[PDB]
Amino acid sequence: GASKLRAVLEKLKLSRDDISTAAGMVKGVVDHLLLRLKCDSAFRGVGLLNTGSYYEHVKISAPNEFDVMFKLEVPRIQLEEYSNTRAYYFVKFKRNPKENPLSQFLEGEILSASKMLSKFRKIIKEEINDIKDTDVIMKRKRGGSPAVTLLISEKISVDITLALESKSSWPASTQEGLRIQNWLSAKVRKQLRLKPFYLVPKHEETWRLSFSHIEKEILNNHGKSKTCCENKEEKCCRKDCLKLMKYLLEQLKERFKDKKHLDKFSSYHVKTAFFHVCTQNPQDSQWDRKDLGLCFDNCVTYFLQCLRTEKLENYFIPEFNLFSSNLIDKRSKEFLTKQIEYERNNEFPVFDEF
Ligand SMILES: Cn1cc(-c2ccc(F)c(CNC(=O)c3cc(Br)ccc3O)c2)cn1
Ligand SMILES: [Zn+2]
């Protein structure tokens, strides 16, 4: 069934790749933000996660929706796990020059997210009206993990997220996570765990881990074979399968935005499930581009099985269950399950329409 899947993959490639003014209007906004935050007391160490990363699209169908992360280095951090949750933490400080820059947001020993996300929101909203180039509107609708959302002109839309960076070892709830040893090798997993980790706020004053940088690195070096996709002798469909899980869910989320049943689902749940299938199917031969449709079916199948059983291990923190009934109720997962099965049986109609 590769014919129709390819056609949808091509439609989407041609709008990512198409000449767009958006990325420019974004870069100039973030560049001004950075220098205005950098000469400030609390944010002098702010930076962009990457460079050349003004164009990260979480919404694979919506190309005018951008996502930027600003990172801040926190040296000698004290992490405390909240309520045995495995994945949510308080931040505190070892205090060497016990007047570290962030000291103005403390609460006894515990670092306050919501205060930071206000001096941050206010410092940005300050230099936003100072902007004379183009139009910039920020809305502070609740849910501050897409913390600050800027709107540039009418179409294009930017989500600014602020993250803490630590260069120490990943927290101990990740110790058994990232089980890539039989796929990407034990020595790549060590290499990856030598990288820094990042914290963002939850919605209490708790923080969660952000592994987008590691996803990115897996996705750009994703084969059991070192030369995967450096050719078309050996071009695989891993990335394409991920794109079709993402597009499947954005389309279902959009088609059913009126009713509320899909609101807790995000691309994070799709990425997670996908990598678990990469771990189950570690050989490049199990991802032949000839077999796009079969491999996609595996992904859809596996995800649906997570829903019905209410189990989807975080890829990095094996004890944390993304589909726990306390995180997402049975009603919802049972709803997503039915909707997807209706797609799968009908050769996914949600695709030929845009
Ligand atoms: C959008 N959203 C994320 C969380 C969340 C919650 C708890 C938690 F521990 C984590 C850890 N992050 C990942 O597992 C992760 C996996 C991949 Br693949 C890529 C990036 C990632 O950050 C995330 C909640 N909403
Ligand atoms: Zn490949």
# chains A, B, ... in the order shown; residues from 1 in each chain; ligands from 1
call {"tool": "residues_around", "arguments": {"residues": "stretch 243-260 of chain A", "least_positions_apart": "2", "cutoff": "8 Å", "atoms": "only C-alpha atoms", "output": "tab-separated table (two decimals) with C-alpha atoms, in the first residue's frame"}}
result
chain	number	residue	atom	x	y	z
A	9	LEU	CA	4.74	11.88	2.38
A	59	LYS	CA	3.28	20.33	13.91
A	60	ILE	CA	4.29	18.44	10.77
A	61	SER	CA	1.19	19.59	8.87
A	239	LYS	CA	11.78	8.53	9.43
A	240	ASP	CA	8.82	8.22	7.07
A	241	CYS	CA	7.01	5.94	9.51
A	262	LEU	CA	-7.82	13.78	22.42
A	263	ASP	CA	-6.43	16.79	24.27
A	266	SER	CA	0.81	14.81	21.70
A	267	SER	CA	3.60	13.86	19.26
A	270	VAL	CA	3.85	8.91	19.09
A	271	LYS	CA	7.63	9.39	19.14
A	296	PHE	CA	3.74	1.65	9.21
A	299	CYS	CA	3.74	1.13	14.23
A	300	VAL	CA	-0.02	1.65	14.20
A	339	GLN	CA	-10.79	6.21	15.87
A	350	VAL	CA	-7.77	11.21	6.94
A	351	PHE	CA	-4.85	11.60	4.49
call {"tool": "residues_around", "arguments": {"residues": "stretch 320-323 of chain A", "least_positions_apart": "6", "cutoff": "9 Å", "atoms": "only C-alpha atoms", "output": "JSON, numbers by chain"}}
result
{"A": [85, 86, 87, 269, 306, 307, 309, 310, 311, 312, 313, 314, 329, 330, 333]}
call {"tool": "closest_atom_pairs", "arguments": {"of": "chain A", "to": "ligand 1", "cutoff": "10 Å", "atoms": "only C-alpha atoms and all ligand atoms", "output": "CSV"}}
result
residue,atom,partner,partner_atom_place_in_ligand_line,distance
A:58,CA,ligand 1,1 (C),10.0
A:85,CA,ligand 1,9 (F),9.3
A:86,CA,ligand 1,9 (F),7.7
A:87,CA,ligand 1,9 (F),4.4
A:88,CA,ligand 1,9 (F),6.9
A:89,CA,ligand 1,9 (F),9.7
A:145,CA,ligand 1,25 (N),8.1
A:146,CA,ligand 1,1 (C),9.1
A:173,CA,ligand 1,9 (F),9.2
A:174,CA,ligand 1,9 (F),9.1
A:177,CA,ligand 1,14 (O),9.7
A:178,CA,ligand 1,14 (O),9.6
A:197,CA,ligand 1,22 (O),9.8
A:198,CA,ligand 1,22 (O),8.7
A:199,CA,ligand 1,11 (C),9.0
A:200,CA,ligand 1,23 (C),9.1
A:201,CA,ligand 1,24 (C),9.6
A:202,CA,ligand 1,24 (C),7.4
A:203,CA,ligand 1,25 (N),8.4
A:207,CA,ligand 1,7 (C),8.7
A:208,CA,ligand 1,7 (C),5.3
A:209,CA,ligand 1,11 (C),4.6
A:210,CA,ligand 1,22 (O),3.6
A:211,CA,ligand 1,22 (O),3.8
A:212,CA,ligand 1,20 (C),3.9
A:213,CA,ligand 1,20 (C),7.4
A:214,CA,ligand 1,19 (C),7.2
A:215,CA,ligand 1,19 (C),5.3
A:216,CA,ligand 1,19 (C),8.2
A:218,CA,ligand 1,18 (Br),9.3
A:219,CA,ligand 1,18 (Br),9.7
A:264,CA,ligand 1,25 (N),8.5
A:265,CA,ligand 1,25 (N),8.5
A:266,CA,ligand 1,1 (C),6.2
A:267,CA,ligand 1,1 (C),7.1
A:268,CA,ligand 1,1 (C),5.2
A:269,CA,ligand 1,1 (C),7.9
A:270,CA,ligand 1,18 (Br),8.0
A:271,CA,ligand 1,18 (Br),4.7
A:272,CA,ligand 1,18 (Br),4.6
A:273,CA,ligand 1,18 (Br),8.1
A:274,CA,ligand 1,18 (Br),8.0
A:275,CA,ligand 1,18 (Br),6.8
A:276,CA,ligand 1,18 (Br),9.3
A:313,CA,ligand 1,14 (O),8.9
A:314,CA,ligand 1,14 (O),5.2
A:315,CA,ligand 1,14 (O),5.5
A:316,CA,ligand 1,14 (O),5.5
A:317,CA,ligand 1,9 (F),6.5
A:318,CA,ligand 1,14 (O),9.5
A:319,CA,ligand 1,9 (F),9.9
A:320,CA,ligand 1,9 (F),7.1
A:321,CA,ligand 1,7 (C),9.2
A:322,CA,ligand 1,6 (C),7.8
call {"tool": "write_last_selection", "arguments": {"atoms": "C-alpha atoms", "output": "short mmCIF file (atom, residue, chain, number, x, y, z; two decimals), in the first residue's frame"}}
result
data_model
loop_
_atom_site.label_atom_id
_atom_site.label_comp_id
_atom_site.auth_asym_id
_atom_site.auth_seq_id
_atom_site.Cartn_x
_atom_site.Cartn_y
_atom_site.Cartn_z
CA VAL A 58 6.41 20.06 16.09
CA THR A 85 6.66 10.09 40.30
CA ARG A 86 10.04 9.10 38.77
CA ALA A 87 9.82 11.94 36.22
CA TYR A 88 8.88 15.16 38.03
CA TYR A 89 11.47 17.01 40.14
CA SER A 145 5.08 24.38 28.90
CA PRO A 146 4.45 25.96 25.57
CA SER A 173 15.43 7.29 36.88
CA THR A 174 16.96 7.20 33.37
CA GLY A 177 16.16 3.81 29.93
CA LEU A 178 17.22 4.37 26.36
CA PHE A 197 20.06 16.98 30.10
CA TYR A 198 17.37 19.64 30.23
CA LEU A 199 14.46 20.51 32.50
CA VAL A 200 11.19 22.30 31.70
CA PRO A 201 8.18 23.02 33.97
CA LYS A 202 5.26 20.60 34.27
CA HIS A 203 1.87 22.09 33.33
CA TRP A 207 10.03 20.09 36.46
CA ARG A 208 10.31 17.30 33.89
CA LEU A 209 13.13 16.11 31.63
CA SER A 210 13.42 17.16 27.95
CA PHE A 211 15.17 14.78 25.54
CA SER A 212 14.40 16.41 22.18
CA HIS A 213 18.12 16.85 21.56
CA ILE A 214 18.65 13.10 21.88
CA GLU A 215 15.70 12.24 19.66
CA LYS A 216 17.22 14.55 17.09
CA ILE A 218 19.04 9.26 17.07
CA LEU A 219 16.90 10.33 14.15
CA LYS A 264 -3.85 15.00 26.40
CA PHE A 265 -2.26 13.26 23.39
CA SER A 266 0.81 14.81 21.70
CA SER A 267 3.60 13.86 19.26
CA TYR A 268 5.56 12.83 22.36
CA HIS A 269 3.28 9.81 22.75
CA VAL A 270 3.85 8.91 19.09
CA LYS A 271 7.63 9.39 19.14
CA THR A 272 7.85 7.29 22.29
CA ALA A 273 5.87 4.42 20.82
CA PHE A 274 7.85 4.64 17.56
CA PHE A 275 11.24 4.29 19.23
CA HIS A 276 9.93 1.28 21.15
CA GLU A 313 6.81 3.20 29.04
CA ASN A 314 8.64 6.51 28.74
CA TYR A 315 11.52 5.78 26.43
CA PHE A 316 14.04 7.23 28.89
CA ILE A 317 12.40 6.46 32.21
CA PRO A 318 11.05 2.89 31.98
CA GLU A 319 8.87 3.08 35.11
CA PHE A 320 6.92 6.16 33.97
CA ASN A 321 3.76 5.00 32.14
CA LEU A 322 2.50 7.66 29.72
#
call {"tool": "select_by_dssp", "arguments": {"residues": "stretch 155-342 of chain A", "states": "strand (DSSP E or B)", "output": "number ranges by chain"}}
result
A: 157-166, 197-201, 207-210, 236, 288, 313, 321
call {"tool": "write_last_selection", "arguments": {"atoms": "N, CA, C and O atoms", "output": "CSV table (one decimal), in the first residue's frame"}}
result
chain,number,residue,atom,x,y,z
A,157,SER,N,3.5,31.4,13.8
A,157,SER,CA,3.2,31.3,15.2
A,157,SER,C,4.4,30.6,15.9
A,157,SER,O,4.8,29.5,15.5
A,158,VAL,N,4.9,31.2,17.0
A,158,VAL,CA,6.1,30.7,17.6
A,158,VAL,C,5.9,30.4,19.1
A,158,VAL,O,5.3,31.2,19.8
A,159,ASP,N,6.3,29.2,19.5
A,159,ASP,CA,6.3,28.7,20.9
A,159,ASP,C,7.6,28.8,21.5
A,159,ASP,O,8.5,28.0,21.1
A,160,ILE,N,7.8,29.7,22.5
A,160,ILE,CA,9.1,29.8,23.1
A,160,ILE,C,9.1,29.1,24.5
A,160,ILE,O,8.2,29.3,25.3
A,161,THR,N,10.0,28.2,24.6
A,161,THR,CA,10.1,27.3,25.8
A,161,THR,C,11.5,27.6,26.5
A,161,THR,O,12.5,27.7,25.8
A,162,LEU,N,11.5,27.7,27.8
A,162,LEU,CA,12.7,28.0,28.5
A,162,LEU,C,13.1,26.7,29.3
A,162,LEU,O,12.3,26.2,30.0
A,163,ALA,N,14.4,26.3,29.2
A,163,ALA,CA,14.9,25.0,29.7
A,163,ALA,C,16.1,25.2,30.6
A,163,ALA,O,17.0,26.0,30.2
A,164,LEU,N,16.3,24.4,31.6
A,164,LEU,CA,17.5,24.4,32.4
A,164,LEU,C,18.4,23.3,31.8
A,164,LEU,O,18.0,22.2,31.5
A,165,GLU,N,19.7,23.6,31.8
A,165,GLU,CA,20.7,22.7,31.2
A,165,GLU,C,21.7,22.2,32.3
A,165,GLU,O,22.2,23.0,33.0
A,166,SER,N,21.8,20.9,32.4
A,166,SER,CA,22.8,20.4,33.4
A,166,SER,C,23.8,19.5,32.7
A,166,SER,O,23.3,18.7,31.8
A,197,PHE,N,21.5,17.1,30.1
A,197,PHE,CA,20.1,17.0,30.1
A,197,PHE,C,19.4,18.3,30.4
A,197,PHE,O,20.1,19.3,30.7
A,198,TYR,N,18.1,18.4,30.2
A,198,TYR,CA,17.4,19.6,30.2
A,198,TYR,C,16.1,19.5,31.0
A,198,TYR,O,15.5,18.4,31.1
A,199,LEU,N,15.7,20.5,31.7
A,199,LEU,CA,14.5,20.5,32.5
A,199,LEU,C,13.5,21.6,32.1
A,199,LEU,O,14.0,22.7,31.8
A,200,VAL,N,12.2,21.3,32.0
A,200,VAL,CA,11.2,22.3,31.7
A,200,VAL,C,10.1,22.1,32.8
A,200,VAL,O,10.0,21.1,33.4
A,201,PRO,N,9.2,23.1,33.0
A,201,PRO,CA,8.2,23.0,34.0
A,201,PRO,C,7.1,22.1,33.5
A,201,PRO,O,7.0,21.7,32.3
A,207,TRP,N,9.4,20.0,37.8
A,207,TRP,CA,10.0,20.1,36.5
A,207,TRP,C,10.1,18.7,35.9
A,207,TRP,O,10.2,17.7,36.7
A,208,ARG,N,10.2,18.6,34.6
A,208,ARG,CA,10.3,17.3,33.9
A,208,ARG,C,11.5,17.4,32.9
A,208,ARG,O,12.0,18.5,32.6
A,209,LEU,N,12.0,16.2,32.5
A,209,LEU,CA,13.1,16.1,31.6
A,209,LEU,C,12.7,16.3,30.2
A,209,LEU,O,11.7,15.9,29.7
A,210,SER,N,13.6,16.9,29.4
A,210,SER,CA,13.4,17.2,28.0
A,210,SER,C,14.5,16.5,27.1
A,210,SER,O,15.7,16.9,27.3
A,236,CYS,N,16.0,3.6,4.2
A,236,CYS,CA,15.0,2.9,5.0
A,236,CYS,C,13.8,3.8,5.3
A,236,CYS,O,13.9,5.0,5.0
A,288,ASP,N,12.7,-1.8,5.3
A,288,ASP,CA,13.0,-1.6,3.9
A,288,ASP,C,11.9,-0.6,3.3
A,288,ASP,O,10.7,-0.7,3.6
A,313,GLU,N,5.6,2.8,28.3
A,313,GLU,CA,6.8,3.2,29.0
A,313,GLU,C,7.4,4.4,28.4
A,313,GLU,O,7.6,4.5,27.2
A,321,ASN,N,4.7,5.5,33.1
A,321,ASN,CA,3.8,5.0,32.1
A,321,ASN,C,2.9,6.2,31.6
A,321,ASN,O,2.1,6.7,32.3
call {"tool": "residues_near_ligand", "arguments": {"ligand": "ligand 2", "cutoff": "8 Å", "atoms": "only C-alpha atoms and all ligand atoms", "output": "JSON, numbers by chain"}}
result
{"A": [221, 222, 223, 228, 229, 230, 234, 235, 236, 237, 238, 239, 284, 287]}
call {"tool": "select_by_dssp", "arguments": {"residues": "stretch 43-124 of chain A", "states": "helix (DSSP H, G or I)", "output": "number ranges by chain"}}
result
A: 101-105, 113-124
call {"tool": "atom_distance", "arguments": {"atom1": "atom CA of residue A:75", "atom2": "atom CA of residue A:36"}}
result
22.4 Å
call {"tool": "closest_residue", "arguments": {"among": "A:336, A:194, A:292, A:34", "to": "residue A:304", "atoms": "only C-alpha atoms"}}
result
A:336
call {"tool": "residues_around", "arguments": {"residues": "residue A:124", "least_positions_apart": "2", "cutoff": "10 Å", "atoms": "only C-alpha atoms", "output": "ChimeraX atom specification"}}
result
/A:30,32-34,36-37,118-122,126-130,138,148,150
call {"tool": "closest_residue", "arguments": {"among": "A:123, A:2, A:295, A:327", "to": "residue A:35", "atoms": "only C-alpha atoms"}}
result
A:123
call {"tool": "closest_residue", "arguments": {"among": "A:182, A:191, A:332, A:77", "to": "residue A:224", "atoms": "only C-alpha atoms"}}
result
A:182
call {"tool": "closest_residue", "arguments": {"among": "A:180, A:328, A:152, A:188", "to": "residue A:29", "atoms": "only C-alpha atoms"}}
result
A:152
call {"tool": "atom_distance", "arguments": {"atom1": "atom CA of residue A:195", "atom2": "atom CA of residue A:324"}}
result
29.1 Å
call {"tool": "decode", "arguments": {"residues": "stretch 98-112 of chain A", "atoms": "N, CA, C and O atoms", "output": "PDB file, in the first residue's frame"}}
result
ATOM      1  N   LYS A  98      26.916  31.082  46.775  1.00  0.00           N
ATOM      2  CA  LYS A  98      25.505  30.846  47.086  1.00  0.00           C
ATOM      3  C   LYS A  98      24.574  31.944  46.576  1.00  0.00           C
ATOM      4  O   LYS A  98      23.354  31.860  46.761  1.00  0.00           O
ATOM      5  N   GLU A  99      25.142  32.971  45.946  1.00  0.00           N
ATOM      6  CA  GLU A  99      24.405  33.939  45.140  1.00  0.00           C
ATOM      7  C   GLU A  99      24.660  33.647  43.664  1.00  0.00           C
ATOM      8  O   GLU A  99      25.268  34.440  42.937  1.00  0.00           O
ATOM      9  N   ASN A 100      24.219  32.459  43.234  1.00  0.00           N
ATOM     10  CA  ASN A 100      24.109  32.142  41.819  1.00  0.00           C
ATOM     11  C   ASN A 100      23.104  33.094  41.164  1.00  0.00           C
ATOM     12  O   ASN A 100      22.298  33.722  41.853  1.00  0.00           O
ATOM     13  N   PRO A 101      23.127  33.216  39.831  1.00  0.00           N
ATOM     14  CA  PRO A 101      22.219  34.183  39.184  1.00  0.00           C
ATOM     15  C   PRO A 101      20.744  33.940  39.457  1.00  0.00           C
ATOM     16  O   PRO A 101      19.975  34.902  39.533  1.00  0.00           O
ATOM     17  N   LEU A 102      20.315  32.695  39.620  1.00  0.00           N
ATOM     18  CA  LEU A 102      18.885  32.434  39.736  1.00  0.00           C
ATOM     19  C   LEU A 102      18.342  32.683  41.128  1.00  0.00           C
ATOM     20  O   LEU A 102      17.135  32.526  41.338  1.00  0.00           O
ATOM     21  N   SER A 103      19.196  33.099  42.063  1.00  0.00           N
ATOM     22  CA  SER A 103      18.806  33.216  43.464  1.00  0.00           C
ATOM     23  C   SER A 103      17.528  34.033  43.675  1.00  0.00           C
ATOM     24  O   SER A 103      16.846  33.853  44.694  1.00  0.00           O
ATOM     25  N   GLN A 104      17.180  34.931  42.734  1.00  0.00           N
ATOM     26  CA  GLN A 104      16.006  35.792  42.904  1.00  0.00           C
ATOM     27  C   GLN A 104      14.684  35.051  42.716  1.00  0.00           C
ATOM     28  O   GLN A 104      13.629  35.662  42.930  1.00  0.00           O
ATOM     29  N   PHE A 105      14.708  33.768  42.344  1.00  0.00           N
ATOM     30  CA  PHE A 105      13.495  32.973  42.180  1.00  0.00           C
ATOM     31  C   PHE A 105      13.360  31.855  43.212  1.00  0.00           C
ATOM     32  O   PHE A 105      12.514  30.969  43.037  1.00  0.00           O
ATOM     33  N   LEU A 106      14.169  31.859  44.268  1.00  0.00           N
ATOM     34  CA  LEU A 106      14.141  30.769  45.233  1.00  0.00           C
ATOM     35  C   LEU A 106      12.841  30.791  46.040  1.00  0.00           C
ATOM     36  O   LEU A 106      12.034  31.720  45.954  1.00  0.00           O
ATOM     37  N   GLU A 107      12.647  29.726  46.836  1.00  0.00           N
ATOM     38  CA  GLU A 107      11.538  29.545  47.785  1.00  0.00           C
ATOM     39  C   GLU A 107      12.085  28.652  48.907  1.00  0.00           C
ATOM     40  O   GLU A 107      11.845  27.444  48.983  1.00  0.00           O
ATOM     41  N   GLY A 108      12.852  29.261  49.801  1.00  0.00           N
ATOM     42  CA  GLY A 108      13.639  28.493  50.737  1.00  0.00           C
ATOM     43  C   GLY A 108      14.826  27.901  50.014  1.00  0.00           C
ATOM     44  O   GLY A 108      15.791  28.609  49.703  1.00  0.00           O
ATOM     45  N   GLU A 109      14.766  26.608  49.717  1.00  0.00           N
ATOM     46  CA  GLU A 109      15.794  25.981  48.911  1.00  0.00           C
ATOM     47  C   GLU A 109      15.312  25.626  47.514  1.00  0.00           C
ATOM     48  O   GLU A 109      16.151  25.380  46.643  1.00  0.00           O
ATOM     49  N   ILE A 110      13.998  25.673  47.262  1.00  0.00           N
ATOM     50  CA  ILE A 110      13.365  25.082  46.073  1.00  0.00           C
ATOM     51  C   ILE A 110      13.153  26.144  44.995  1.00  0.00           C
ATOM     52  O   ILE A 110      12.565  27.202  45.259  1.00  0.00           O
ATOM     53  N   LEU A 111      13.582  25.842  43.767  1.00  0.00           N
ATOM     54  CA  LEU A 111      13.508  26.793  42.659  1.00  0.00           C
ATOM     55  C   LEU A 111      12.110  26.845  42.051  1.00  0.00           C
ATOM     56  O   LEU A 111      11.561  25.820  41.627  1.00  0.00           O
ATOM     57  N   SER A 112      11.569  28.063  41.964  1.00  0.00           N
ATOM     58  CA  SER A 112      10.194  28.308  41.545  1.00  0.00           C
ATOM     59  C   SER A 112      10.120  28.504  40.036  1.00  0.00           C
ATOM     60  O   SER A 112      10.708  29.450  39.496  1.00  0.00           O
TER      61      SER A 112
END
